[PDB]
Amino acid sequence: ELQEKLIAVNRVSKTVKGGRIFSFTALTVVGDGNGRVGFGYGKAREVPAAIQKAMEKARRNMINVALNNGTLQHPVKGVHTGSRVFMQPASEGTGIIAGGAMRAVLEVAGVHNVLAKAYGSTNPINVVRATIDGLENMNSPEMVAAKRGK
Amino acid sequence: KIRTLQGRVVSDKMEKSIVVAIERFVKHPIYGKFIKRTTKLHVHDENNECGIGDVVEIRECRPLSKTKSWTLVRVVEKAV
Amino acid sequence: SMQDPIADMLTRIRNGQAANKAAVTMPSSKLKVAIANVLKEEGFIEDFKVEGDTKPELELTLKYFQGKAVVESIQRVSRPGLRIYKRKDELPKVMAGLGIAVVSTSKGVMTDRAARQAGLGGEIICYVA
Amino acid sequence: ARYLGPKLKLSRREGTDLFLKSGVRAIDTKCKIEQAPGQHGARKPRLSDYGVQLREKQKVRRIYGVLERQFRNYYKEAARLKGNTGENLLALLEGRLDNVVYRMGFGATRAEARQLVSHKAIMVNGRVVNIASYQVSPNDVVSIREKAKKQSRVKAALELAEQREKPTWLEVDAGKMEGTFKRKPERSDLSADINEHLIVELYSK
Amino acid sequence: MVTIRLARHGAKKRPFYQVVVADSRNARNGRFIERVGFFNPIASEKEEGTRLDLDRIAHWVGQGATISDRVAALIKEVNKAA
Amino acid sequence: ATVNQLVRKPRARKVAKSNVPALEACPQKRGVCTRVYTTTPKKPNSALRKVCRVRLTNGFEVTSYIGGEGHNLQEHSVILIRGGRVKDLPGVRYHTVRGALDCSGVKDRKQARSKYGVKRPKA
RNA sequence: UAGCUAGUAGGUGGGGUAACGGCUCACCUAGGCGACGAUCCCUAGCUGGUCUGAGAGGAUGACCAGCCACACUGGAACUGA
RNA sequence: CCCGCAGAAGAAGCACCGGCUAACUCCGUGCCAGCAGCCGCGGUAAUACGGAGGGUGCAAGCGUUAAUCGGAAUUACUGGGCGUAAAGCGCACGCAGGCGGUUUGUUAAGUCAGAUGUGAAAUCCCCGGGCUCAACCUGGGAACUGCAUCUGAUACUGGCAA
Ligand SMILES: [Mg+2]
Ligand SMILES: [Mg+2]
Ligand SMILES: [Mg+2]
Ligand SMILES: [Mg+2]
Ligand SMILES: [Mg+2]
Ligand SMILES: [Mg+2]
Ligand SMILES: [Mg+2]
Ligand SMILES: [Mg+2]
Ligand SMILES: [Mg+2]
Ligand SMILES: [Mg+2]
Ligand SMILES: [Mg+2]
Ligand SMILES: [Mg+2]
Ligand SMILES: [Mg+2]
Ligand SMILES: [Mg+2]
Ligand SMILES: [Mg+2]
Ligand SMILES: [Mg+2]
Ligand SMILES: [Mg+2]
């Protein structure tokens with residue numbers, strides 16, 4: 001349950017006097033498979049260094065998320081930059097269907113029966129995140145009584 | 001009765017050639033909003049009796065003219 | 001304008017709440033109250049009050065639980081432009097079950113839970129959670 | 001409609017044994033297995049979630065000897081059926097007669113078990129069934145036809161069948177060469193190295 | 001007039017008739033007034049193969065209705081009471 | 001925006017112009033070869049591409065591509081044309097079914113003979 | 001395409017049809033329809049359903065069944081339930 | 001449908017392998033010949049042209065074309081936008097229309113409720129049954145989200161009154 005996996009790696013150029021100087025960007029996601037998910041970014045001239053430096057950032061920066069069994073309690077909508085995502089509990093038939101790149105954060109996060117889809121731009125760096133928050137903002141299926149009661 | 005219609009007049013200036021409005025209300029079948037939708041009806045009113053702006057009760061009968069298949073039963077109010 | 005006052009209520013909550021504001025007041029109406037009622041009975045507002053007579057003055061006490069406010073979201077649904085009327089089998093349940101839906105019926109402003117039991121339906125004023 | 005091609009070449013690409021030469025020896029070698037399905041066999045298949053998603057359902061196919069069209073319906077049926085799509089696919093695939101013929105020993109390899117079926121040397125509850133696809137249900141009673149019995153093949157077939165993990169959901173003879181499919185196999189029997197939700201995923205998008 | 005007939009809803013070589021009450025002038029497999037049984041001539045000697053709401057049939061015949069020749073049989077063949 | 005607004009003038013769907021007046025959506029169409037040119041392509045590329053201008057069974061006069069390495073096709077040749085533009089050759093929006101009517105299969109092709117219309121060479 | 005309408009809209013009476021009826025006629029009234037889109041123009045048989053879509057929708061109306069219309073084109077009637 | 005007879009005997013092709021995309025090398029060619037769904041390949045080491053060996057995918061089919069919907073939240077009712085990306089009429093008044101503060105009464109059209117009728121059969125779906133399996137055939141439910149009539153409910157909307 002270490003369980004990590006990268007979503008996307010990408011070249012990017014910097015351009016100076018002597019020429020273009022390229023780099024790489026890794027975008028990873030780690031989770032315990034039981035709550036607690038996090039993503040990190042981190043970039044570096046070589047690829048290994050990049051994916052590497054990324055897991056590390058995803059070690060920290062790892063929030064956790066009030067599941068409700070293998071699934072979500074209620075349906076939720078997340079939205080960062082131009083990414084706008086939606087996912088549903090979906091009383092598992094089998095489920096876990098969703099655009100790879102949030103399959104990733106859903107998978108390692110423990111949910112086992114989501115159906116989701118991403119609207120807006122499908123820029124990973126922003127849907128992962130749009131969903132992390134999406135799961136984050138999602139509130140306690142019991143400790144909403146907590147909220148109310150009094 | 002078998003059903004009744006309501007509706008205001010709109011035209012009485014014609015020899016029992018009275019025409020009656022029938023304002024219903026209805027959910028737009030695509031955009032949800034409710035809209036006004038009128039139904040003018042050429043109705044028979046023997047001895048021309050109601051006037052424009054009289055609310056009235058109406059009932060479906062057999063044909064009396066290419067255009068008339070209804071006749072009045074009651075009036076309800078006047079001067080608008 | 002003042003044309004929809006219920007959205008104005010919904011929003012005075014919504015706003016003051018995000019302003020961490022203790023109370024909040026507004027011109028009252030029969031309607032307004034019957035709702036605040038439900039808000040209270042279901043524990044979203046702290047307690048209301050109508051300090052008026054000729055120029056009535058509905059006044060509400062907002063609650064804050066942890067650090068948050070108790071009202072994570074308050075939207076209008078029906079509105080004078082476009083009125084919504086769901087039957088009963090069609091009554092909408094918010095946040096799965098958590099949170100509520102304020103609905104007016106042939107017998108008073110209730111909650112979707114309540115209305116569902118009542119066995120009836122009506123104009124679904126707004127959603128709260 | 002039957003693959004027909006160098007059976008072993010498949011297992012080497014899919015990276016495991018799919019018991020297609022099944023026959024005698026085991027844990028291949030005396031074959032070549034692994035590091036050259038082709039000519040650039042050495043090369044490391046670093047591959048898309050698509051690649052691995054594909055190759056898995058491919059692997060399962062190269063086993064039961066099914067072609068895309070049927071397999072596609074098998075999946076389409078699974079889904080229709082209540083209860084886990086990915087498991088259900090595995091149910092259907094097992095209930096296959098050809099399968100419940102090698103899974104009873106009567107045949108060396110599923111490929112051969114099938115050859116029997118097509119040659120009407122098998123019967124269900126009495127009656128000669130000669131189509132591989134024949135779904136077998138619980139309580140059924142598949143048995144070699146008296147005509148052509150304890151014939152060459154079916155001997156060693158019944159034989160090294162015992163050298164197999166040997167099932168549970170079905171009760172075989174060896175004298176009668178009859179055998180009772182007792183229950184629809186559970187997820188837990190069979191499997192281990194086969195990944196449904198992948199191939200379910202393949203047919204999901 | 002109104003007849004009760006077979007209406008071969010079957011399948012090439014493996015027939016299967018909807019017995020129906022209809023307007024005798026319409027197509028055999030067309031417009032009818034109501035269904036009132038069926039008759040599977042390949043039934044096989046297992047269980048079923050000639051259900052036949054006798055109470056309706058008798059109703060229409062009291063209304064005037066006439067009856068086929070192969071329906072005729074089926075009736076005096078479902079014996080009638082047992 | 002407004003519901004009111006949408007109500008008066010509802011939303012409408014942009015209609016799609018086909019890119020291939022193979023008139024009434026036809027898998028292909030017949031034609032007689034008006035003239036059998038060859039021109040050269042657009043900015044990046046550089047070549048002598050073989051084409052022909054065809055008068056169609058339905059009277060559209062349209063230019064089409066003659067795929068392959070070499071082709072015995074001339075004026076008055078009766079050919080068959082299919083959807084298939086050639087981006088390189090602006091305004092060339094159809095291809096010519098090698099091996100149909102008067103058109104020939106490509107000589108000596110071994111690969112992808114179904115395309116380019118060649119018979120299974122007597123093995 | 002912004003106006004359209006003289007049997008036009010209604011009344012009375014005769015005639016008429018298996019029947020109600022401007023169906024028709026004579027006379028009287030001056031009506032009737034129309035931006036909730038008439039008139040004009042373009043296109044088209046309608047349905048059950050069919051394909052697709054998570055749905056909402058979109059697209060569609062072979063094969064089956066229902067209704068309608070047509071029978072070389074235009075027009076007419078006779079017979080007959 | 002059953003029984004015998006002979007001999008593996010009469011029975012495998014099509015597209016693809018630069019990326020998207022499952023599958024890589026050699027030879028030829030040299031901005032030519034040519035490819036191409038989109039990006040783009042070809043000017044001497046071309047995994048993109050053409051042939052060859054190998055491989056991947058389908059299989060009595062395989063490819064290409066044409067065609068609807070899908071992915072397209074890209075006409076956004078569900079479900080979008082207009083400062084600088086497409087988009088606020090140069091500004092104002094104002095008919096129709098849309099929307100309208102607050103109390104009470106009344107009305108009961110909208111809205112809501114139950115009852116009843118109707119919503120053909122086939123189809124679709126659910127559980128079975130019959131053809132060696134299946135396609136196919138078939139029993140029975142379910143569904144037809146609709147319409148209409150009656151009776152009720154009065155909070156909201158509309159009508160009336162003050
Ligand atoms: Mg086949
Ligand atoms: Mg018989
Ligand atoms: Mg008269
Ligand atoms: Mg969609
Ligand atoms: Mg026909
Ligand atoms: Mg004629
Ligand atoms: Mg006559
Ligand atoms: Mg690859
Ligand atoms: Mg090619
Ligand atoms: Mg070279
Ligand atoms: Mg769309
Ligand atoms: Mg936009
Ligand atoms: Mg601009
Ligand atoms: Mg009010
Ligand atoms: Mg039906
Ligand atoms: Mg069966
Ligand atoms: Mg009121």
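Throughout, residue numbers begin from 1 within each chain and advance along the sequence as written. They need not agree with those in the entry, and any residue without coordinates is left out. To label them, take the chains in the order written and letter them from A, then take the ligands in the order written and number them from 1. Remember that the shown chains come from a larger assembly, so read each value as a statement about the shown part. With hydrogens and water stripped out, all remaining heavy atoms of the structure feed into the side-chain values.

Looking at the PDB entry, chain E carries the name 30S ribosomal protein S16, with the source organism given as Escherichia coli. The title given to this PDB entry is "Crystal structure of the E. coli ribosome bound to flopristin". UniProt positions are given in the numbering used here, feature names are shortened, and annotations may be inferred rather than shown by experiment. Here is the UniProt Subunit (literature references left out) comment for chain E, exactly as written: "Part of the 30S ribosomal subunit." Quoted verbatim from the Sequence similarities field of the UniProt record, the comment on chain E reads "Belongs to the bacterial ribosomal protein bS16 family."

Looking at the PDB entry, one finds chain D named 30S ribosomal protein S4, with Escherichia coli as its source organism. UniProt's Sequence similarities comment on chain D is quoted here verbatim: "Belongs to the universal ribosomal protein uS4 family."

Helix and strand counts for chain D stand at eight helices and three strands. Here the globule rule reads 2.2 Å times residues to the power 0.38, and the radius of gyration is calculated from C-alpha atoms. The C-alpha radius of gyration of chain D comes to 17 Å, within 12% of the 17 Å expected for a compact globule of 205 residues. For the C-alpha atoms alone, the extent of chain D along its principal axes is close to 50 × 45 × 30 Å. We call a residue buried when its accessible area falls under 20% of the maximum for its residue type, exposed when it is over 50%, and partly exposed in between, using a 1.4 Å probe and counting protein chains only. Evaluated residue by residue, chain D yields a buried proportion of 44% over its 205 residues. Here, residues are in contact when the closest pair of their heavy atoms is within 4.5 Å. The contacts of chain D with a sequence gap of at least 6 include a subset with a gap of at least 24, amounting to 58%. A 1.4 Å probe and the Shrake-Rupley method give the accessible areas. Residues count as covered only by the protein chains that appear here. When the accessible surface of chain D is split by element, carbon and sulfur atoms take 53% of a total near 11,800 Å². Counted charges follow a simple rule, with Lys and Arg positive, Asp and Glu negative, and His plus the chain ends left uncounted. To locate a charge, take NZ of a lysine, CZ of an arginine, CG of an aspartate or CD of a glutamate. Within chain D, one finds 42 positive and 25 negative side-chain charges whose respective centroids are separated by 6 Å. Helix and strand assignments come from DSSP, with helices taken as H or I runs of at least 4 residues and strands as E runs of at least 2, each series counted from the N terminus.

Looking now at the domain arrangement of chain D. All names here are of chain D. Structurally, chain D comprises domain 1 (7-93 + 190-203) and domain 2 (94-181). The domain boundaries here were taken from an automatic or database domain assignment. Between domain 1 and domain 2, the C-alpha centre-to-centre distance is 23 Å. Counting from both sides, the interface comprises 15 residues of domain 1 and, opposite them, 14 residues of domain 2. The salt bridge definition used is simple: a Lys or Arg side-chain nitrogen within 4 Å of an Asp or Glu carboxyl oxygen. Across the contact surface, domain 1 and domain 2 share zero salt bridges.

One non-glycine residue with positive phi stands out, namely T81 of chain A, at about 55°. Considering the arrangement of structural elements, one finds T81 of chain A in the loop between strand 5 (76-80) and strand 6 (83-88). One non-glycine residue with positive phi stands out, namely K120 of chain D, at about 35°. The topology assignment puts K120 of chain D in the loop between helix 6 (110-118) and strand 1 (140-141).

Residue and element names in this part refer to chain C. Lines fitted to the C-alpha atoms define the axes, with helices restricted to the stretch that makes contact. Angles between their N-to-C directions range from 0 to 180 degrees. At a minimum axis separation of 10 Å, helix 1 (residues 5-18) and helix 2 (residues 30-41) run at an interaxial angle of 35°. Note that helix 1 runs across helix 2; the crossing there is right-handed. Where helix 1 abuts helix 2, its residues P5, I6, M9 and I13 lie against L31, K32, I35 and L39. The class makeup of the residues in the contact of helix 1 with helix 2 is seven nonpolar, no polar and one charged. Definitions for this section: a left-handed crossing has its near helix turned counterclockwise from the far helix by less than a right angle. A right-handed crossing has that turn clockwise. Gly falls in the polar group here, along with every residue not listed as nonpolar (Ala, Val, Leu, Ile, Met, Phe, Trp, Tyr, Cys, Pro) or charged (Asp, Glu, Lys, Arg).

Moving on to the interface of chain A and chain C. Taken together, the contact between chain A and chain C spans 11 residues of the former and 15 residues of the latter. Buried surface at the junction of chain A and chain C, both sides included, amounts to about 1,100 Å², of which 56% is carbon and sulfur. On the chain A side of the interface with chain C, the three residues burying the most area are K147, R148 and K150 of chain A, jointly 60% of the side's total. On inspection of chain A and its partner chain C, the count reaches two salt bridges. The partner of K147 of chain A in a salt bridge is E72 of chain C, with the nearest N and O atoms 2.6 Å apart. Polar contacts, as used here, are pairs of N or O atoms within 3.5 Å; protein pairs need one atom able to donate a hydrogen and one able to accept it. Residues neighboring in sequence count only if both atoms are side-chain atoms. Inspection of the chain A/chain C interface yields four residue pairs in polar contact. In this description, buried area is defined as the sum, over both parts, of the accessible area (probe of 1.4 Å) that is lost when the two are combined.

Moving on: helix 3 (residues 68-80) of chain D. A turn of α-helix holds 3.6 residues, and therefore any two residues three or four places apart point the same way. Residue and element names in this part refer to chain D. In this analysis, the expected span of each helix is defined as 1.5 Å times one less than the number of residues it contains. Here helix 3 spans 18 Å end to end across 13 residues, near enough to the 18 Å set by a 1.5 Å rise per residue. Taken together, the buried positions of helix 3 are occupied by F71, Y74, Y75 and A78. The arc enclosing the buried residues of helix 3, seen along the axis, measures out at 95°, which places them on a common side. Exposed positions of helix 3 whose direction lies more than 90 degrees from the buried face are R69, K76 and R80. Elements in contact with the buried residues of helix 3: helix 2 (49-64), helix 4 (85-95) and helix 8 (196-202). Working note: the arc is built from the helix axis to C-beta atom directions.

Residues and elements named next belong to chain B. Residues are counted as near a molecule or strand when any one of their heavy atoms sits within 4 Å of it. Around RNA strand G sit 23 residues, and of these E15, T38, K40, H42 and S65 come closest. When atoms of RNA strand G within 4 Å of the protein are sorted by moiety, sugar and phosphate together comprise 92%. At a separation of 3.5 Å, a sugar or linking oxygen of RNA strand G approaches a polar side-chain atom of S17. Interatomic distance of 2.4 Å between a side-chain N/O atom of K40 and a phosphate oxygen of RNA strand G. Those elements that provide at least two residues to the surface near RNA strand G are strand 1 (17-20), strand 3 (34-37) and strand 5 (55-65). Here the surface near RNA strand G takes four residues from strand 5, the largest share from any one element.

Further remarks concern the protein's contact with RNA strand H. Taken together, 110 residues form the shell around RNA strand H, and within it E123 of chain C together with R13, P27, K50 and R109 of chain F come nearest. Taking all atoms of RNA strand H within 4 Å of the protein, the share assigned to sugar and phosphate is 79%. Take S104 of chain C: an N or O atom from its side chain is 2.8 Å from a base nitrogen of RNA strand H. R14 of chain E is positioned with one of its side-chain polar atoms (N or O) 3.0 Å from a sugar or linking oxygen of RNA strand H. Counting residues per element, the surface near RNA strand H draws most heavily on helix 2 of chain D, which supplies seven residues. A breakdown of the residues in the surface near RNA strand H according to their chemical character gives 39 nonpolar, 32 polar and 39 charged.

This part takes up the state of the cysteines. Disulfide: a pair of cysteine sulfur atoms within 2.5 Å of each other. According to the stated counting rule, one finds zero disulfides over all chains in the structure shown. Considering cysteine sulfurs only, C52 of chain F is the nearest to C33 of chain F, which forms no disulfide, with 3.8 Å between them.

Residue and element names in this part refer to chain A. Two strands pair under a simple rule: DSSP has to find at least two bridges between them. Spatial strand order, 5-6-7: three strands in an open sheet with antiparallel pairing. On the outer flanks of this sheet lie strand 5 and strand 7 (115-120), each paired with one strand and no other. On average, adjacent strands in this sheet sit at an angle of 15° to one another, irrespective of strand direction. By the bridge criterion, six bridges tie strand 6 to strand 7 in an arrangement that is antiparallel. In the sheet register, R84 faces strand 7, and the bridge partner there is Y119.

One finds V29, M87, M102, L106, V128 and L135 of chain A to be the most contacted residues of the largest nonpolar core, which totals 26 residues. Elements with a minimum of two residues in this core: strand 2 (22-31), strand 3 (37-40), strand 6, helix 2 (103-109) and helix 3 (124-137) of chain A. Those residues in contact with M102 of chain A that lie beyond four places of it in its chain are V85, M87, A116, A118, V127 and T131 of chain A. By size, the runner-up hydrophobic cluster in this structure holds 22 residues, among which are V24, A36, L58 and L60 of chain C. Each nonpolar core is a collection of buried residues, namely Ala, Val, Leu, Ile, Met, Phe, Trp, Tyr and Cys, held together in the definition by side-chain atoms within 4.5 Å.

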